[PDB]
Structures are given as structure tokens and as C-alpha cells.
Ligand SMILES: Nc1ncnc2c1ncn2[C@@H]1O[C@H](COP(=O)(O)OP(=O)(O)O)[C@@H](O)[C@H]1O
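Have a look below at one chain only, the form solved without adenosine-5'-diphosphate (ADP), in C-alpha cells format.
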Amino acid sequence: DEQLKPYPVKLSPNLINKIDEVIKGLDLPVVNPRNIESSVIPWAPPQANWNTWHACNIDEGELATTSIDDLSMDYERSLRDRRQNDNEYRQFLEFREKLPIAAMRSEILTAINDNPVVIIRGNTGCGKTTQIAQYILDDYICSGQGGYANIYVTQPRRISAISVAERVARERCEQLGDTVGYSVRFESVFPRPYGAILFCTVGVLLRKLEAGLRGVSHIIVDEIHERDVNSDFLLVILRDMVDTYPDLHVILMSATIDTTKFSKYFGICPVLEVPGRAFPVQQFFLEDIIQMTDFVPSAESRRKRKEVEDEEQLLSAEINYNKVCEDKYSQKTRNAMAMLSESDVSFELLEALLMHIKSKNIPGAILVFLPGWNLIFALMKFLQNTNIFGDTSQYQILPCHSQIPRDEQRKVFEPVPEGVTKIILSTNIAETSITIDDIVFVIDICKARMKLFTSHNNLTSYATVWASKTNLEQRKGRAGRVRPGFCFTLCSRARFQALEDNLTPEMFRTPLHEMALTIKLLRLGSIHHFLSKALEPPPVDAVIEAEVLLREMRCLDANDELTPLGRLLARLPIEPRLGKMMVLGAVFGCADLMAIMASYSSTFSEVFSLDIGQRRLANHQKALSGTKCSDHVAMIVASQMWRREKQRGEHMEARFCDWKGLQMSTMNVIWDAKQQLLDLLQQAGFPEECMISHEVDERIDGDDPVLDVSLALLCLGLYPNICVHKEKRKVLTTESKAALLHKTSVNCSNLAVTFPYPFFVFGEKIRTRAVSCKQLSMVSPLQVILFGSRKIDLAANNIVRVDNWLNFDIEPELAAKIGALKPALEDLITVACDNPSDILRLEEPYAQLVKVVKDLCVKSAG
């Protein structure tokens, strides 16, 4: 299929002349543009005049001459004073004494002392993380070597690290940074140089590795059973380092996984198993809820589900275990099974579940393992819409994710008077080692939002995929760690019986560009050798594809595979492609818009709050995008009014957030990520004069070069996710794959709407029985050739193919000019990154290139 392309028909001769003078300034190739070892982290025992965390020689202060030996006796005296004066500390030791870990503490200490690497196994939350580091540090203190202890603990998520560090601080009745502190994204609270534990996430520790691990005696990797890519990376690093350095100790932690493989990973090392107080959890599946609550789906809801299903299946393995049932259950239960769908979770079933749990009248917080952010927000809006469940003094919902605003994360752990039965709507990542508070009932939807695919192919997919048996067991044991509780799993018993033993491990289902960037950054040589030395090698096709995609675009200062050299190519906490796009936007003077759109594309949360039911866009939901009919333009307008309203009032801006879309959490996340990116660039040498915010007026349709260039380099940022609007909602993605526009996007309409330019770019592609497209931006064809290009088959085809997938006339001379301009843009990127302090004042040809691109970027074509 093929859309139209041009709204007008006109080319301005002056623009062509400017392109000619720019192309002749640098003598760019005048031709049809179809042309063209493993290091180890240094280690050394702790010693004076050196800081362990910052890899600096302290300098200045009372520690410039005090030896570690004096600090040892100082710590002995301090601990004796703590034991003899701090009654609360003694009470905390008494509390720790009756933990199951304390009985085996002596054996644990002996094993750690006598062996360099030890795997510790036990139920998650039984007292591994909050106790092993304290035991190691206290053993080193009481042994006369207090200053020689420097323990790193690696929780899997930011929230886990922060909460565990604060809990450990609460146990020791001390503030953060004395001997316990956290090191996560957006913030760090560093501890004292000698004798301290720094609870830092795996990524943070990997970042710290660039400075060396001198002065670190113990590293405790936590929750290796999660088996995410970061933990595997850290395990490889620690295994190699311990192989090189014998004096270092490494402590691993597990919940339940094959012991023999992890033992053999170190040539057989001790595995210690210490149970906890796992009161038992009674598993009740969807059958029991149906037979108890008499769940009869409503006709209106039924009609909505069948109409939606008929709608998505119009685009042309459903065994549907929700029909299989035993003869014990009543006939009405089997019917209720028949008119329920396992593909999507019905809010009525959840409401019935919560009503039944309330009827139980058993105190205890309730956890819901929802798969995705969108479902979390939709369920929060439902349960706040409901009068019964919207009671402020009786019910409360606190979503629990790693990268939600910090205030909400703090609110998650904060206790409540009496009891409110917190409904913690969280995903699977936030389930371990935190314990939040007393947890009794788990409402496990039994779905996991596993990002599919590997390597550059399709670059994005966020289908909601069924969980596995091991995750079900872990989430069941997550409940009843206060009183025997119940794991109200939501599926048929046949579906559970057919559930897989475990998911595919995260390392084969994730891209390896960031892993390669980290390997080069810390100087661990080639990818092939390191991954052959890894816990399990990746497919070689995936490795080579990751290498070629990371080397094709400029995110590493490598001579065909050397390194990223210094910094500012893997330091960005965003995808490399978005980092390149945002650097280019900083070059063009549109750094603020580029940072906010990079944050929005990196945060797949919705920006418009859809109503409970009636899944569509209201009249007061599309006016933010104005005449541009673009998601990102609407983002900019909403964010600008957001700044104005947060400057002007607090409760009135809170109520203003009840206007068109305007989800609080998404705006907080995008603003914080944009601010972090801009601050990182300011620290990277780029001047602040080019990061000035520019107000965007959506209503006016015409000349606005800054917005045009932003919506342009978004095409470069989200390469190659370019979709073409055909009619109504159905569109086509690369390789002629059918897709549907999400109801969240502004461009969606129920009529035969023909947009002025039918070409769109998207960042999210949710996979279901059909294909959905989210975050749809309406980009003019000029931008499409400007950043999708490809080549026009002049060999008698006359069908003018560009961007490979799509096609129509762009006057191929101009297309060849952009083809020659592509390496000019790459060279501009290289020059800008070489001298971050000289971007605003470059040589005349680069300024001419920036100007000609900016005034070619005008969406007008006549």
C-alpha cells in the first residue's frame, strides 16, 4: 500500500540554492549517495590517604595523617560506646538474634572467612540481605580490622536499594552516610571512607567500576535468582576479579534456583541454605473465586468485551483454558468460566475479589501483581471511581515501581494509623527484599509485561505475557510472611498446569548495546571473549547484530571497535539512539524539547488519562495537540502549562491536572529525566545557552523552526519506527505488517479522517492478538526523507522509493542532497562531541549546515 505524501506541490528555489552552497562548502561527495586485551579492575587492600568510593586520595582533614590502624581502635571504642549507651541498638540486636539467619551466623562467617566466593540460598526476605552485610562488618570490626571492611550490596532495583539501605540505617539507629548509605539513580548518599556498607544497584556499581575497586573487601550480589542481565554482568566481573585477586570476598544470594550450575560456575563453591519463617499460603485460583462470589459478568461489560474482540480480530492458537473445568464445580461456575476471557483481566472480577477479601475481614496489606503501568493506572482510576473503594480512611492505593516519582515511593513504605489495607499495585520487579510491611493476600493477575525480541529487529514490543510456575511460587511465598496468607491467583487450574516452569532468562530477550557499552567503558576488551567467559554465552548472531548496530550509529569513540574513550557516550541513562538524538538537538539549540521528548520515549507511560470505560478521546483531550495532531506536540503544551501551574499554586495545579489527559506521574517522570539529561550535558561541557526552553504554541499553523526541528530529529531518535496512516485506524508498519492505532493516541478517530500529512512516527508498539501503535507523532514527509532517506530506484521504476518501506515523490534531486547531507550530520555530531564547549560557535560551514537544515525543516511545502 501507499499513501499520498505531499499536501502542497511547490519547491522554493532559494532553499535549493542554500542547499547547493552548503553542499559545496565542504566539498561533500558529489555522487549519487549510494557510496560506502581484556583488562582487570585494579584492587588493593585498604590503606591510608585514599578514598574507596571516589577513588581519590582524600586530601585535607584529620584523615590526611591518621592511619587505618588508629581508625580500627577508634571504631572499637565507638562500637563499645554504642553497645553501652544505645539502648535502641541493643533492642535491635535482640530483634536480629531470633532471626533464623542468626543461628547459622557463625557458620556463615566461617565460610566467608575460609572461602573467597560463597553462594547463600534461602527464601527471599527471610533475612539474607539485612543480615549478611551486618555480620561481615561486625566480624571485621570485632577482629581488630575495622578499617579494612568495605562492603557493597547490589539490590536489583532502585527502590530495593533505597529501602534496604534506609531499613539497615533504622536497624543501627543511625542516619544515612555514617556507615550505611544508598547509591542509585538521581541521587547518592555516600558513607564514610572506611568501614561502611553502600547499598547500590547493579548499574550503579557497574558505573563505579570505572574508578576501580581499590579498598573494597566484600561485594554482596543480591537476588541472583532474578537472573537479569545486570546481575549476570556483575557475576562475571566478580568471578574474574576474585580469580585475579584472592583476598577479596564475594557473597552471593539466592531464593530458589538450580544449585549445581551456580556451584560449578566457580568450580564448586559452598552453598549455604538457611530457611526463614515462611508461614504457609493457601492458594485459591479463579475457580474458587467464581464459586464463592458467584461472578456473573454483566451484559453491558460482556457486550463491550465482545465488540472490542470482534474489532481487533478484524485484521487477519486460542486454546482458551478458561473453558476447561472439572465436574466438581457447579454448572453456573462453568458458564461464568465460558463468558470470561483470559487474554485481558476484567475489572469486575478484581472488584469481586476485593469485595470477598473485605468480607473476610482479616487485617493485612494486599498486593496486586499487575503486568504494566497502563493497567496499574487504569485500575487505580477504577478503584478511585468506586465510592466503596475510594474511601480515604478505608482504602489506599500506592503504585510501586522503580522509576515512579520519589515522593510516591516514600509514601509506599510509610505506615498508616490503624489500618487501611494498602492495595499495592506493583509489577514483578518490586517484589523482593523490601518486605514493605505485613503482606497477607496477593492478587496475582499472573501476567508479565515481558519485552519481546532481541537486537534491532522491530526494536520494540511490550506484549503482556503469561507468567511461569517459578514466578508464581515466588509471588505466593511473597505473601504470608507475617501470618499464613492466601495467593489469589487469577487463572484456571488447567492454565496453571500448562504454565511453563520458568521464563526465558532476561539475557537472551534483551538488546546487548548497553552491555557492550559497559564492557568497553570499564575496559574489559572484546564482547566475544567476555561473553564466552560469561555465565552463559549469547547467540553469536545477537552479539554480532548488537555490535553492528552499536557501531553503525555514533555512540562510542571507537576505531572500528576500540572504546567509547573517555565518557559522555554510555554515561547517559537513556537508550543510545535517544542520546544521539538529544545531543543533536542540543547542537541545534533545541536541547530542552529534545530532552523532554527523549524522556517521554524512554518512559512508555501514557500521557493522557483515559476515563473508566468509554475507551476513546474526548473533545477536551485532542486540543492540546492543536493543528499539529501529534502526541509529542501535545506533550510539550501540557508540560508548559504544567510548569506554569506548578509555579502558580499547588492544589490549583493539582486540580488543573484533572484537565485534558494530564497524568501526574508521567509528567513527573519526564520532567525529572529531562532535567537529569540536561544537567548531565551541562556537566559534559555543553554550554547552558543552548538549553534554553522555548515556548510552543500549537494553535498557530505555519513557521515555527524549533518545533519543526524537534519533530524532525524525533525521526532520527525513533529509527526505524515509522508508520503510515491508511484509513480509519488501520496502519502498516515495516515489512507490510498490519497494525492499529492505540485509543490513547490523538490521531485515532472513528471517521474517515485524512490528515494533511499521513506519515507518522511512534515509539511504542504493544503486541496483542493484533498489533498496536502508541506515541504517534505526525511528521511531515520532509522529515521522513531527512531521517529515513534510503535510496530511490531510478532504474526505470519511477516509483520513487524512499525509507525503503514507504514511497512517493520528493523530487529525487533533493533526496540525493539529503543522502549527501547524512554524513555531514554525522560529522557535525563528531565535531560537537569532540568539543562540547564550542558547539554554539562553530566554523562557518557547520553554522550554514545547521541553518539550512533548520529552514528546510519548515513543514510548509507551498
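Numbering starts at 1 and runs along the sequence shown. Between two forms, the rigid core is the largest collection of C-alphas that superpose within 1.5 Å.
The next section is about a form of this same protein that is not shown, the form deposited with adenosine-5'-diphosphate (ADP) bound.
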Query raised in the report: Does this chain block adenosine-5'-diphosphate (ADP) or leave room for it once its pose in the deposited complex is superposed onto the site C-alphas (blocked: 3 or more ligand atoms within 2.4 Å of backbone or C-beta; open: none)?
Result: blocked
Query raised in the report: Out of the stretches listed (240 to 248, 736 to 744, 347 to 355, 124 to 132), which one is close to adenosine-5'-diphosphate (ADP) in the deposited complex, meaning heavy atoms within 4.5 Å?
Result: 124 to 132
Requested in this report: Find the only residue in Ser217, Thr603, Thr435, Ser72 having a heavy atom within 4.5 Å of adenosine-5'-diphosphate (ADP) in the deposited complex.
Outcome: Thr435
Report task. With adenosine-5'-diphosphate (ADP) left out of view, choose which of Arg277, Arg305, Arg523, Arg82 has a non-hydrogen atom within 4.5 angstroms of it in the deposited complex. Result -> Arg277
Report task. Please check if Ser163 has a heavy atom lying within 4.5 Å of any heavy atom of adenosine-5'-diphosphate (ADP) in the deposited complex. Result -> yes
Query raised in the report: At the 4.5 Å heavy atom threshold, is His694 in contact with adenosine-5'-diphosphate (ADP) in the deposited complex?
Result: no
Query raised in the report: Is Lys533 close to adenosine-5'-diphosphate (ADP) in the deposited complex, meaning a heavy atom pair under 4.5 Å apart or at it?
Result: no
Query raised in the report: Would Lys323 show up as a contact with adenosine-5'-diphosphate (ADP) in the deposited complex if we use heavy atoms at 4.5 Å?
Result: no
**Report entry** Conformational change between the shown form and the other one, one of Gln783, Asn471, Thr201, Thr432, C-alpha moving 2 Å or more after core fit
**Finding:** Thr432
Report task. Using a superposition on the rigid core, decide whether the Cα position of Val800 changes by 2 angstroms or more between the shown form and the other one. Result -> yes
Requested in this report: Classify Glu811 as shifted (yes) or not shifted (no) between the shown form and the other one, where shifted means its C-alpha moves by 2 Å or more with the rigid core superposed.
Outcome: yes
Requested in this report: Classify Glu166 as shifted (yes) or not shifted (no) between the shown form and the other one, where shifted means its C-alpha moves by 2 Å or more with the rigid core superposed.
Outcome: no
Query raised in the report: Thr563 and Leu716: do their C-alpha atoms lie closer or farther in the deposited complex than in the form you see, with a change of 3 Å or more?
Result: farther
Query raised in the report: Closer or farther: how do the Cα atoms of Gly819 and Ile792 compare in the deposited complex relative to this form, given a change of at least 3 Å?
Result: closer
